[PDB]
Amino acid sequence: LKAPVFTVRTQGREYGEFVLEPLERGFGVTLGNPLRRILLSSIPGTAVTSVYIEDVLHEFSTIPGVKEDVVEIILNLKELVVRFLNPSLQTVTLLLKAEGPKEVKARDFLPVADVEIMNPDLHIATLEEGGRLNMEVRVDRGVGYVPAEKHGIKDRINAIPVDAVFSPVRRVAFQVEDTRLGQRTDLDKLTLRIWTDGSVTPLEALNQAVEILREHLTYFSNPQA
Amino acid sequence: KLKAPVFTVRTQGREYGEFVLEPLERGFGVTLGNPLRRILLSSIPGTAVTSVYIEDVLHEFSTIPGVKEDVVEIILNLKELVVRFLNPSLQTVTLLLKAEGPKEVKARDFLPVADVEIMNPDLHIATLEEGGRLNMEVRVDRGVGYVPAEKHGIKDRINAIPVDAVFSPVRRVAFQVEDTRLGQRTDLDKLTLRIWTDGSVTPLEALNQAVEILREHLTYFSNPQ
Amino acid sequence: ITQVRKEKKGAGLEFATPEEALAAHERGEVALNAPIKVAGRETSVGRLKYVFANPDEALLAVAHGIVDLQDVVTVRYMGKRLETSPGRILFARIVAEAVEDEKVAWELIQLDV
Amino acid sequence: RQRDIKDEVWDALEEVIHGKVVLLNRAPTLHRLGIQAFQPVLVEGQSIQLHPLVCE
Amino acid sequence: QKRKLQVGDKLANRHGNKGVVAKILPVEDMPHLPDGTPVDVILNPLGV
Amino acid sequence: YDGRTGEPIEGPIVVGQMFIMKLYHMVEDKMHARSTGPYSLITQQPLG
Amino acid sequence: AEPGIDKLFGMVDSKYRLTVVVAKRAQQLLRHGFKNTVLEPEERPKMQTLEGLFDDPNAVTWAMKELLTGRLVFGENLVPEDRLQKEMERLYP
Ligand SMILES: [Mg+2]
Ligand SMILES: [Mg+2]
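Residues numbered from 1 in each chain as written, not as in the entry; some residues may be left out. Chains lettered and ligands numbered in written order. Part of a larger assembly, values for the part shown. Heavy atoms only, no water.

cryo-EM is the method the PDB entry lists for this structure, together with a resolution of 2.80 Å.

Set out below in structure tokens:
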């Protein structure tokens, strides 16, 4: 069977369809599933790891003039999507200064070089008149799910560790169709669908997933006995 | 990141082998085990009998006078025959067998063919009696996987009986994922891959081909559109 | 895995040769496990269409989707041409490998249930 | 102190329990199989892992 | 302390079905819909 | 579909959205161990 | 199950005699620091440690493995208790 044609259909930086056809019978699951498992587990990304709020000692407190408590603010921060434009950048600290009455969004963070916020309309807190929100948010780069009890990252004394879900891939689904070529009708059409938060394009996630699988297949090369 | 896992092999003969890869990241035993199992059972090239012609035989469900084994049992014995083509250019061969009773027909009774090796020459084909004739012509082809006789339907001449072609040299694959630890990491996976083969290819050879087939397919995610 | 499938598509058709019985199956008149009579004996299409030399071939066909674990076929196990499903053959191998004695394990199990 | 426990203690604990067994007991101990001996396997968590076959 | 769900914690529904969490699987290990949506909880049908 | 193998479950599965509660009984509050410790006044047996 | 448990049970007339022999042999091994073992160096039980394989510290495992070999003589009224101890002290100080 000749080399399959690879077709890429992308809708922005969040969705992408990747079609590989024609494949031999049963290679849709053979190729799709390892990529899906690697995409959903082993794709590096950036997530909020630690947060420090002025005049806040722990996450079980409320800030005067702020409708949301620190628990809800941290929950809103866990949905923040931060994209590092520099591959060598490993950690950034985002500075937020806001005074009520306003609805402080993710776009209110002070700009940082080589850092882009992919969801500027994310709502963080609702400030009441006379309320202030001065906070530093630490965004690290990693892979997997690291609970706040494991990393325990605190830039300073009153920093609050935040459970970090680094994986940028939101959802992966792959589809196997009944394509035919010539006189044989048992062939497979594999279509990989990847949903991401936008920091890593689905094509980038697919390329990283292929490399990880390819890199692991090289582990079968030196047979110790 | 995690250290490169150690690949250990424990092969007994040319028909069975155990392969262990550890330590692996959590969930990568399944990520690497299932695709290899699928490729091993459906993609490793091999040879099998795809058609048999026996003189005076009309159908598969008949019986030859003067022989213990009916046509079905002779056909079943042919499906156990393991033959290796020594010439890569060679594609299909026919093996001639003429035997006279009351001898016991073995796989070594096939007439020798250029660049054709019978891996198990002690295989029992049929048992003849005094006054019995066994004029048999078996056609051996090259392929992958399992193909039923009704599917390929290969017949050399009239009254030929197509036979299910067990192309895959790999007889059985059983992989196991075991939890292991490396210091403070407790979610690590240890993959144990067990392969049974007919002997034409070593189980290490079968695994190497399966890895290469998986590696080759990963290169298909290279040229978009 | 050890329970067999029962079909109702054919369920009674009689023929003259096995090839006629198989020929109806590809036409869709009789199902795989439908109980039929080939010439005088009562069998099914599965036991005629699929005859396996050993359990390894039978379970290889299952992996390729040719047959299911609940489909009744003909398998050559321990020198006896059995007429059982691959799942029942699979259960026999489960006991044989666990006890590491094929002969004794064969005497310990009730295969036909 | 929990924060004073180093990572070598867990390696030593594995050596300590090697070969040894513990008794698992569920009340009411209606018959003698209500107490059984198992070889402990150190796991992360706070729940005892029970084999399915001994449940009955 | 902010307690997350862990193995051994007891869950229940309004219909009397109760049990402790015995395994926490990664998202890529749970059974998923054809559109790629994994399930959150797996219940044994034998309790019905 | 199966997240490990990628192959579907051989039969359709009843999948849906159900309301599950996290009960007050947690393994964190129930795990307990003891080698030596307090003993009773009269019987000198361990406390409970 | 314990290795060779079926063979161990068949070597005694009562299963509780097996436990007594194993436990008494385990104490003899512990008391003399496993220097009275009847096990050859290829037969000594081993445990997998981070540094490497070492002798199994569980004497009950040693006692069960020694008894399968058949080099141990067990029974009632074999030797005087005081005579047995003093002789074992001299051979294995
Ligand atoms: Mg995120
Ligand atoms: Mg057939």
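Okay, back to it.
> Looking at this structure, how should I read empty space enclosed by the protein?
Space left empty within the atom packing is revealed by a probe, the size of a water molecule, rolled over the atoms. With the rule as written, the count across this model stands at three cavities of 30 Å³ or more. As for the largest cavity, its lining consists of 13 residues, and the residues nearest its centre are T47, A48, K79, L81 and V166 of chain B. Secondary structure elements with two or more residues in the lining of the largest cavity: β3 (46–54), α2 (71–79) and β12 (165–166) of chain B. Here the lining of the largest cavity takes three residues from β3 of chain B, the largest share from any one element. Taken together, the residues of the lining of the largest cavity break down into eight nonpolar, one polar and four charged. Taken as a whole, the second largest cavity encloses approximately 60 Å³ of empty space. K79, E80, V166, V170 and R171 of chain B together with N54, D56, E57 and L60 of chain C are the residues that line the second largest cavity. Counting only elements with at least two residues in the lining of the second largest cavity, the list comes to β13 (170–182) of chain B together with α3 (55–63) of chain C. When residues in the lining of the second largest cavity are grouped by element, the largest group, three residues, is from α3 of chain C. (1 Å grid on protein atoms, 1.4 Å probe; cavity = no way out; pocket = protein on both sides within 12 Å on 5 of 7 lines; lining within 4 Å. Points joined across faces, edges and corners; volume = space filled by probe spheres on them. Helix = DSSP H or I, 4+ residues; strand = E, 2+ residues; numbered from the N terminus. Nonpolar A, V, L, I, M, F, W, Y, C, P; charged D, E, K, R; others polar.)

> Teacher, can you tell me more about the side chain of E57 of chain C here?
Position of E57 of chain C among the secondary structure elements: in helix α3. For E57 of chain C, a relative accessible area of 3% gives the class buried. Residues contacting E57 of chain C, with those up to four places away along its chain left out, are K79, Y146, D164 and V166 of chain B together with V51 and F52 of chain C. (Buried < 20%, exposed > 50% of the residue type's maximum accessible area, 1.4 Å probe, protein only. Contact = heavy atoms within 4.5 Å.)

> How should I be thinking about the interface of chain B and chain A in this particular structure?
By a widespread convention, an interface's size corresponds to the accessible area lost as its parts come together. At the interface, 34 residues of chain B touch 34 residues of chain A. Carbon and sulfur atoms make up 74% of the area that chain B and chain A hide from each other, which totals about 3,100 Å². Between chain B and chain A we count zero salt bridges in total. Within the residue set of the side of chain B that touches chain A, elements represented by two or more residues are β1 (6–12), β2 (16–24), α1 (28–42) and α4 (203–218) of chain B. The element contributing the most residues to the side of chain B that touches chain A is α1 of chain B, with nine residues. (Buried area = accessible area lost by both parts, 1.4 Å probe. Salt bridge = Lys/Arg side-chain N within 4 Å of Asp/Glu carboxyl O.)

> I tried to follow the sheet that holds β3 of chain B on my own but got confused; where do I start?
Pairing between the strands of a sheet is mediated by backbone hydrogen bonds and can be parallel or antiparallel. All names here are of chain B. Across the sheet, four strands lie side by side as β5-β9-β3-β11; this open sheet has antiparallel pairing. Pairing within the sheet leaves two strands with one partner each, and these edge strands are β5 (93–100) and β11 (161–162). Examined bridge by bridge, β3 and strand β9 (residues 133–143) share eight bridges and lie antiparallel to one another. Each bridged residue has a counterpart across the sheet, and for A48 the counterpart in β9 is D141. (Pairing = 2+ DSSP bridges.)

> Which parts of the structure should I look at to understand the sheet that holds strand β3 (residues 45–53) of chain A?
Residue and element names in this part refer to chain A. Pairing within the open sheet is antiparallel, and its four strands lie in the order β5-β9-β3-β11. Looking along the sheet, the strands with just one partner apiece sit at the ends: β5 (91–99) and β11 (160–161). Bridge analysis of β5 against strand β9 (residues 132–142) gives nine bridges, and the strand direction is antiparallel. Residue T91 lies in a different strand from β9, and its bridge partner there is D140.

> Explanation requested: the domain arrangement of chain A in the structure shown.
Residues and elements named next belong to chain A. Assigned domains within chain A: domain 1 (1–44 + 167–220) and domain 2 (45–166). For domain 1 versus domain 2, the separation of C-alpha centres amounts to 33 Å. On the side of domain 2, 10 residues touch domain 1, which itself brings 11 residues to the contact. Both sides together, the interface formed by domain 1 and domain 2 hides about 740 Å², and carbon and sulfur atoms give 58% of it. Among the residues domain 1 hides against domain 2, the three largest losses belong to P44, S167 and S199. Together they make up 53% of the total. (Domains from an automatic or database assignment.)

> Would you explain the packing of helix α1 (residues 27–41) of chain A against α1 of chain B in this entry?
A pair of packed helices can be characterised by two numbers: the angle between their axes and the separation between those axes. Packing of α1 of chain A against α1 of chain B leaves a shortest axis separation of 9 Å and a crossing angle of 170 degrees. Regarding the angle of α1 of chain A to α1 of chain B, the classification is roughly antiparallel. Residues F27, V29, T30, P34, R37 and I38 of chain A of α1 of chain A pack against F28, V30, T31, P35, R38, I39 and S42 of chain B of α1 of chain B. Taken together, the residues of the contact of α1 of chain A with α1 of chain B sort by class into eight nonpolar, three polar and two charged. (Axes fitted to C-alpha atoms, helices over the stretch in contact; angles between N-to-C directions. Parallel < 35°, antiparallel > 145°, perpendicular 65-115°, else oblique.)

> How should the interface of chain D and chain G be read in this particular structure?
Residue-level contacts link six residues of chain D with eight residues of chain G. Summing the contributions of chain D and of chain G, the shared interface buries around 560 Å²; its carbon and sulfur component is 50%. At the surface where chain D touches chain G, the tally comes to zero salt bridges. Counting every contact that joins chain D to chain G gives two residue pairs in polar contact. Within the side of chain D that touches chain G, the residues separate by chemical class into no nonpolar, three polar and three charged. (Polar contact = N/O pair within 3.5 Å; in protein donor to acceptor, adjacent residues only side chain to side chain.)

> Any chance you could explain the pairing of β1 of chain B here in plain terms?
Looking along a regular strand, one sees side chains alternate from face to face of the sheet. Residue and element names in this part refer to chain B. Examined bridge by bridge, β1 and β2 share seven bridges and lie antiparallel to one another. The partner of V6 across the bridge, within β2, is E22. With antiparallel pairing between neighbouring strands as the criterion, β1 and β2 make up a hairpin whose turn holds three residues, including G13 at a positive phi of roughly 70 degrees.

> Looking at this structure, how should I read the pattern of salt bridges?
Think of it this way: side chains of opposite charge can pair up when their charged atoms draw near. On inspection of all chains with the given rule, the structure shows 52 salt bridges over all chains. The salt bridge partner of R181 of chain B is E14 of chain D, with a shortest N-O separation of 3.5 Å. Pair noted here: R181 of chain B is in strand β13 and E14 of chain D is in helix α1 (residues 8–16), and the two residues belong to different chains. Taking relative accessible area as the criterion, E14 of chain D reaches 32% and is therefore assigned partly exposed.

> Any chance you could explain unusual backbone geometry here in plain terms?
With the exception of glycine, most residues fall at negative phi, and the peptide bonds are largely trans. All names here are of chain B. In this model, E22 is joined to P23 through a cis peptide bond whose omega is -5 degrees. In this structure, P23 sits in strand β2. In this structure, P102 follows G101 across a cis peptide bond, with omega equal to 0 degrees.

> Hey, could you run me through a nonpolar patch on the surface in this one?
A surface patch of nonpolar side chains, about 510 Å² in accessible area, is lined by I5, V9, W10, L13, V16 and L42 of chain D. Within the secondary structure, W10 of chain D sits in helix α1. (Patch = residues over 30% accessible without salt bridge, like charges linked within 9 Å, V, L, I, M, F, W, Y side chains within 5 Å. Areas by Shrake-Rupley, 256 points an atom, 1.4 Å probe, with all protein chains shown as cover.)

> Would you take a moment to explain the packing of aromatic side chains for this structure?
Two numbers describe a pair of aromatic rings. These are the distance of the centres and the angle of the planes. Throughout the structure, instances matching the rule amount to 10 aromatic pairs over all chains. Between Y15 of chain A and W195 of chain A the ring centres are 5.0 Å apart and the planes differ by 40 degrees, which places this aromatic pair in the tilted class. Here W195 of chain A lies in strand β14 (residues 188–196) and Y15 of chain A lies in strand β2 (residues 15–23), a separation of 180 residues in the sequence. Using a relative accessible area of 11% as the deciding quantity, one classes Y15 of chain A as buried. A relative accessible area of 19% places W195 of chain A in the buried class. Geometrically, the ring pair formed by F34 of chain G and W62 of chain G is tilted, given 4.6 Å between the ring centres and 40 degrees between the ring planes. On the criterion of sequence distance, the pair formed by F34 of chain G in the loop between α2 (15–31) and β1 (46–48) and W62 of chain G in helix α3 (residues 59–69) is long-range, its members being 28 residues apart. For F34 of chain G, a relative accessible area of 14% corresponds to the buried category. In this structure, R34 of chain F packs its charged tip against the face of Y39 of chain F, placed 5.3 Å from the ring centre. (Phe/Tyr/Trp six-rings, centres within 6.5 Å; stacked < 30°, edge-to-face > 60°. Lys NZ or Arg CZ within 6 Å of the ring centre and 35° of its normal.)

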